[PDB]
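Colleague: Let me see the structure of the following:
(chains A, B and C, ligands or ions: 2)
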Amino acid sequence: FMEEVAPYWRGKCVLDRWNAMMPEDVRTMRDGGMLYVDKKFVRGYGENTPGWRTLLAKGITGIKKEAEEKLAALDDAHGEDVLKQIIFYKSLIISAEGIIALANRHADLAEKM
Amino acid sequence: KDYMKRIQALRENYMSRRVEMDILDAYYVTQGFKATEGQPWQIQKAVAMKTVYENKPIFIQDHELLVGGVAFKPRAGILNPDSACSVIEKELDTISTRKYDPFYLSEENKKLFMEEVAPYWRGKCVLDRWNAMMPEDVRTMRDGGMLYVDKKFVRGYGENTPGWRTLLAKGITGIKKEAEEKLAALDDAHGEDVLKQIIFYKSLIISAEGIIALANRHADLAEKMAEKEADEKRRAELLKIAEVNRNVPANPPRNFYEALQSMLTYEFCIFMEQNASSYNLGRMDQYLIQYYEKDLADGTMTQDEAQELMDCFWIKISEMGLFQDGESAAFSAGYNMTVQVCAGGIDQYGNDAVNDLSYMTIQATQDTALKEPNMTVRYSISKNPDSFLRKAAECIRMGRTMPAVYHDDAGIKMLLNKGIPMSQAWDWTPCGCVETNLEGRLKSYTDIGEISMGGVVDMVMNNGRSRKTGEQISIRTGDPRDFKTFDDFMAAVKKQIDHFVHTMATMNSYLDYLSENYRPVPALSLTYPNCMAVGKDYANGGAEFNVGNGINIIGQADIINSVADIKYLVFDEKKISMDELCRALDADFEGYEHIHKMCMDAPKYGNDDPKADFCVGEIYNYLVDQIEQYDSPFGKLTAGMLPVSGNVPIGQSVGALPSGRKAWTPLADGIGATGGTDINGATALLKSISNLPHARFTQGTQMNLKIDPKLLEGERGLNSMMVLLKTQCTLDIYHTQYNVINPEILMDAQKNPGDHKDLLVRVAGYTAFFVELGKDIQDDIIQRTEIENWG
Amino acid sequence: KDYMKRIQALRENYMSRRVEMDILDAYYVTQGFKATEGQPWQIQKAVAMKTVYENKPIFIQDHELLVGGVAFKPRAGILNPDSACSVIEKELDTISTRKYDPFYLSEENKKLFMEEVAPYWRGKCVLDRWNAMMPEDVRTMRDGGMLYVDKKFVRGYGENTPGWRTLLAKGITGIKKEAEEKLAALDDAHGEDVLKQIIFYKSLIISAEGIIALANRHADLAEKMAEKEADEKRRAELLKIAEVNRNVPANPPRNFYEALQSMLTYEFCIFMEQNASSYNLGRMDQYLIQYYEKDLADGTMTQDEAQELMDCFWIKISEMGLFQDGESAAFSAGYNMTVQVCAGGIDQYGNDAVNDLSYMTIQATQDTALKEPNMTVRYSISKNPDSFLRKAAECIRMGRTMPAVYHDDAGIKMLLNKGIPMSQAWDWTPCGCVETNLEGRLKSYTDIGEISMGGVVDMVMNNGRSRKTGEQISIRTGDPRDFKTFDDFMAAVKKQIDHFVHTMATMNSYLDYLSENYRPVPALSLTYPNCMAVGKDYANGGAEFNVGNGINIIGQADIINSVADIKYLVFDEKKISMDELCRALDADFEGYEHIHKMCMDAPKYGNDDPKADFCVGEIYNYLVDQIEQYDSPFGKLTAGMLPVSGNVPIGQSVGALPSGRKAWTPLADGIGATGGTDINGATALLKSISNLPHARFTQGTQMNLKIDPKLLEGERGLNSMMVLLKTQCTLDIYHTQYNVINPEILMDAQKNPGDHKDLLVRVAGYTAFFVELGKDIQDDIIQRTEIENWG
Ligand SMILES: CN1C[C@H](O)C[C@@H]1C(=O)O
Ligand SMILES: CN1C[C@H](O)C[C@@H]1C(=O)O
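Modeller: Numbering: from 1, shown residues only, chains lettered A, B, ... in the order given. Ligands and ions are numbered 1, 2, ... in the order given. Now the structure:
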């Protein structure tokens, strides 16, 4: 952690930004124990039910294909806002290839065993 | 004139100045960012500039009345590592002797850079983001030299006229007071959008604190210097510098002296925030008339003392120098931060705006005779006096290479075409090279990058393949021998334009993305009042008017002559087959010299020849048609024809052309004739360029003319210069500029540069020291038609 | 030219036509409405126009090659009962002999109108609504004559150029086919907003069916006439007339003959839809050139035949005569439907648009020498050939009073300032008098009412009280004896202007409200592509570009001279006390002959005198600034200076002025100088008017000149005319018009009307028959300066 992780994220992670940006009335009330304010800065969203029906009806490959197609319809010549969508779809595609990889490593492990 | 003694001294000190790379600025920005890790980039960036203002070295040179700097020395290039940090890291060891616009980078500053700056900014500066994100069509097109797409990723916004009237009216303190007011009114409990406004206002306030500090630091310095100063005349002017700098730009100027220093300090500050061209002073003759007139009336100042002050202002302005990477430097050569000040035009009643300041703005250029500021005249033929056009003609005749003369109404039309109402468009300011701006109110990149119209003809002729490398650089619009009619050839041209424009628009999305996220300019946003109203940086559309960024177009004469000459030679005369033409074109004309002479003799744009000019309106309205279909958060993209020096580098990518152009030579400068192909006089050349739809190109149009000096001798020569200039307005030509130089002086400058260090030449919308240009740019200039007849 | 035999005959037919009042149109419109009770206004209007189109009597006159009309006979004014029913009722027994534009109302048409028409429309037509609703601030300014407000409530939209290109390329069936397809693709289950769309498309379909019904009736009538025609030549024309009216406007014209009939049939149907001025043909020369050139290639038509058709067309167009109430008539005299058609300008590539038809456009006017069309020249000095300019000048010299010459770039600037992109503004068309339009794409009332600038000045001098009645009719700006300086005087003029403009803005709110509800124009919407794309009528923002309505401004030289002369007399020269001045103004200079001689001798607008012209830009930028602060559903209001003939009526409410103008005489026409005060030549006159900010008046400016015929003799006189017109462009002057007429003729035309029934005069943006103008308007024209010096 200390050698390969900690230095990269100092001032970068969400909790560091929170501590850097915390307004003072917020600080006072948190220091006074009147509010508690930190835990969603520490840990991501959670607190949702994802689209299980979507996962099941389409699988990650179906979703990734919708994203490949939405991405292919889009044109980054059409301005920054399209660019932001292209980035999002790219990110769905990347992240979806990763999920599938992890499922397959397990499959690989089970076959080796 | 007495004050000229001082001006000559300041000039001599400017000339003896080596161009050096500044790094302290970059170092202090880095400290600022590190000092605020985890804060919003707008806070980080404002604190960094406050760190720069509070800490940079400052100086007050001998004889200076106006004081300041962007760096630790005059003419020093600053590095904004939030933008172009990898540039200095890639040419750490070559920048001192690189082909174009070298900067002496001390061994000291290399170590500061490599140790204290470069590490923090890897993968973080705008340039590194772009290199990371560049889509492949852009990289393919760029690598094949059909586009230049890197300029604005390297160097900040620039390309705008700050709100000089707000800074003069309120001072930096009044503005910060307003931001403080806005900030107190806002509540961070009212959601993320309000927090964004809070951040921006906080970032405005830090910036404002920084700027006032830097002005106070100079006052402190002048104070201490004056105690130390034996000469009672200098001591007096030093204590005056102390009082002036204490007042502005914190407070509204009290007099002409202070108004000048106010602009100068702010000009330096916004420049330090982002190295970039075109931080236009704009209409100083309008902004400062109130203080000049008050002082003359009061006795507190004389007209000659005002000229003296303006002359020093000119010299201080000239002590900035655009920094950029070595490639971009061939496209933007001579350290042309290109700070356009202008004179003339109309007032808010549409009346003639020419006043004493107008004349003295010209007189500051004649006196000081440096490459900057880029001093030009909004010339209203319907309203401005002959005497004012005359003084401009005399300035030109002196070889000052300025002013550039704008047809005022063309400039107004361009602002209307930008969506600005006429109630404000009378007040337009020419920008940087030849673009159009509006004091404190219009936001745009006026030049994101360059399309090579020459490339467009090469892609048609070589079916999308680089003649240099052979790779498929563009789309395949077909084998040119399959073109049955000239219409099929023209279809090919048009498809290629779609691709070049589409690719530039692709690039524009990344640029607007990276800019909005990583190029907040709060110091600049201080002087855009609408930014205060809506709580958004200049970068995020806070300005009153936003338009789409400008696509720049290089090679008018090359595209126009190749189209005309292909129609003429292949399709109407049938002097040669398409096949033979292509072979001639592949051979670079070696072994086909009768074909070359046939190409050279075919109609040439610039002669009022209809066989050459019939196509100009179609190609360039088509081109602008493509550009404008692309939308951004800031509006539909705009277009300009301000090649800068980029015609020289961008031509190295373009093979031989049907116009007779041999491979890898320069494309034509500006919108004018290829060198030596216009031989019908000035007037005929203007007629040819009037075929361009200037008003379609809202980022401006840049024309060169090189006049034989004998044509300007005597009052007869002057009248003829004015007739030509009036002719330009009549023909609706946006812009013209004049080199007037004995051509042996330019050739001697190549061989004995040491004896021509202040030799000025007009390159493309801006002036440069001739010996300071890469030889190819020098040769481009040399070979321009010396125009021997007025017409 | 042989074909001139048919044009002479057609022209003799037109010149002997008595001007009558049609009622059948109003009767059938009342029927259509009765037959549609419970239906939306838009369906009613549409069905009422089917009924008008399918039932009104039609005619085919001897020698006519093109056919149609808007009423039971040529030159009849029609009654759109839906807009102005109550005017025919109030003037039922006076209209046949009223002072301005009499319309002989047959006793029989009186009876049909009163029994079947008037009852239905009381409290129903827009004029009735406006009177019900007219707020009291409008009433008491209208009363007392400060504003004229009633025009556009009486007379439908007009002032626009329909989508000629859409009609010509698609035909009314093509468009109906689109409306039908949009209709089929909408589901009225999707809510009130869609039903509105559906309602609108239906109204288009119904309109479109009626216009093809009308054309076919003409083809039918022609074939029946053919059956009874002995001469085979005439019989063969009638058969051709039948063939073309079966095709157009239903289908795209197969030839130039068919294209002319197409526009004309359509032009008559949109005039029938609403009596209104300035349904402009626009750029005929560009819309029809490919028909003319294809037809000439095919041997199916000669340039001579093309000229003859156009001459026919010119006469046909002349056969409309604008209708309005007795009082509106004083403001717009001469039956001035102002159907403008311009040649020249630049094409879509920015190139010279002049072609054969551009010359034949001028030629037709010269051939037909009638009051309409309002033939005008878009003149681009940088692009249009001199040959074109000289033809225009040759036509002006003949006494045709046309064309009006527009500086093309100024026309473009106004469209840009309306927010039209330069990609479409090259395509502007002068409108009605001198307003700006864009073919099938721009919606606005270009002239809703008139501000009396005279009245403004009278209101300062008399502290907002009428000189006629003594009533308080405007706001209070202070006793003028209390204005210590010219600045307080100017401040009061501004305050008056604020209130006038405010009250015009108030009336505009009512006009839009009534317009949008009770003035759908389905016929007109057929040729606005965007109404089809959004499914809203022209009247509901369907057009591609909407600007707010245009406030008209009358009395330029009057407020300028009064402002200038107050300043010279009371404040600079102090040779007359403000009280002395007011006492003399209250007296109408009666017994103050010395003061009146001093005011006559104070500087006069129109002489290029800075003592007079110093205030022009400031007052008129203030004015447009005021107008422009007001928004509507269609954009900010717009402004124009096209007084029409309203300077004569509006002047009857203005007492004497410090400019020396006696009480209740006409104000100055257009934007030029007061008769008999411009003594410095035409060029100085043009220089004075160049101080107006023509750009800011997006609804145009109208300039009259009257040139001593002797000034135009021979090739030199034409030369001087052309130089004058180039000076016009140099000075950025939007518009000029030329009366060229021996003065005796005018005066004989007052003694012997019957010896001069075709004597044309240029009035103010348009041409009238001099003998059809009320004497006091004739006198105004007569006292115009006969410029005897070009300058
Ligand atoms: C020197 N600059 C002037 C214009 O702003 C464009 C040019 C650049 O950015 O290279
Ligand atoms: C003569 N018309 C031209 C203008 O558009 C309006 C005017 C009218 O009739 O009111």
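Colleague: drop to CA atoms for contacts and neighbour counts, all remaining ones
Modeller: OK.
Colleague: All the helices of chain A, in order from the start?
Modeller: In chain A, the segments counted as helices under DSSP state H are A:6-9, A:14-21, A:24-31, A:39-42, A:52-73, A:80-112.
Colleague: ranking these by burial, who's on top?
Modeller: When those are scored by mean count of other C-alpha atoms under 10 Å in any protein chain shown, the highest mean neighbour count falls to helix A:14-21 (a mean of 16).
Colleague: helices or strands next to that one in the packing?
Modeller: Counting by 3 or more C-alpha pairs under 8 Å, 6 or more residues apart in numbering or on different chains; DSSP states H and E, the packing neighbours recorded for helix A:14-21 are helix A:39-42.
Colleague: Just the C-alpha atoms of the helix it packs on, please, in CSV.
Modeller: Taking C-alpha atoms only, helix A:39-42 is exported to CSV below (Å, rounded to 0.1, in the frame of the first residue of the first chain):
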residue,chain,number,x,y,z
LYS,A,39,-18.9,8.1,5.2
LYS,A,40,-20.2,8.6,1.6
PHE,A,41,-17.0,10.4,0.9
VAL,A,42,-15.2,7.3,2.1
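Colleague: circling back to that earlier point, please convert the helices of chain A to CSV, extending it with distance to residue B:669.
Modeller: Formatted as CSV, those follow (distance: least, C-alpha to C-alpha, whole Å):
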stretch, distance to residue B:669
helix A:6-9, 48
helix A:14-21, 50
helix A:24-31, 59
helix A:39-42, 56
helix A:52-73, 39
helix A:80-112, 32
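Colleague: Just send these back as a markdown table, with distance to ligand 2 too.
Modeller: Output for these, formatted as a markdown table (distance: least, C-alpha to the nearest ligand atom, whole Å):
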| stretch | distance to ligand 2 |
| --- | --- |
| helix A:6-9 | 69 |
| helix A:14-21 | 62 |
| helix A:24-31 | 64 |
| helix A:39-42 | 66 |
| helix A:52-73 | 48 |
| helix A:80-112 | 44 |
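Colleague: Residue C:304 is nearest to which of those?
Modeller: Closest of the helices of chain A to residue C:304 is helix A:52-73, at 55.8 Å (criterion: C-alpha to C-alpha).
Colleague: For ligand 1, find the nearest of the helices of chain A.
Modeller: Across the helices of chain A, ligand 1 has its closest neighbour in helix A:80-112 (20.8 Å, C-alpha to the nearest ligand atom).
Colleague: Could you tell me how far that closest one lies from the centre of the chain?
Modeller: Here helix A:80-112 is found 12 Å from its chain centre; the criterion is C-alpha atoms, centre = their mean, to the nearest Å.
Colleague: Check whether it comes near chain B.
Modeller: Yes: Helix A:80-112 lies within reach of chain B by C-alpha under 8 Å from any C-alpha of the partner chain, at A:80, A:81, A:83.
Colleague: for stretch A:42-62, same thing?
Modeller: No: using C-alpha under 8 Å from any C-alpha, we find that stretch A:42-62 stays clear of chain B, coming within 14.5 Å at best.
Colleague: How far off centre is that stretch?
Modeller: How far stretch A:42-62 lies from its chain's middle: 12 Å, per C-alpha atoms, centre = their mean.
Colleague: burial of the closest residue to chain C within chain A, as a residue count?
Modeller: Ranking the residues of chain A by distance to chain C (C-alpha to the nearest C-alpha) places residue A:78 first, at 19.7 Å. Using other C-alpha atoms under 10 Å in any protein chain shown, residue A:78 is surrounded by 20 other residues.
Colleague: and if you look at residue A:32?
Modeller: Close neighbours of residue A:32, defined as other C-alpha under 10 Å, add up to 10.
Colleague: give the contact list for it.
Modeller: Counting by C-alpha atoms under 8 Å, 6 or more residues apart in numbering or on different chains, residue A:32 touches no other residue.
Colleague: Spatially central residue in chain A, please.
Modeller: Among the residues of chain A, the one closest to the centroid is residue A:44, at 8.3 Å (C-alpha atoms, centre = their mean).
Colleague: re the thing from before, which residues touch the residue of chain A closest to chain C?
Modeller: By C-alpha under 8 Å, 6+ apart, residue A:78 lies in contact with B:505, B:506, B:509, B:630, B:631, B:632.
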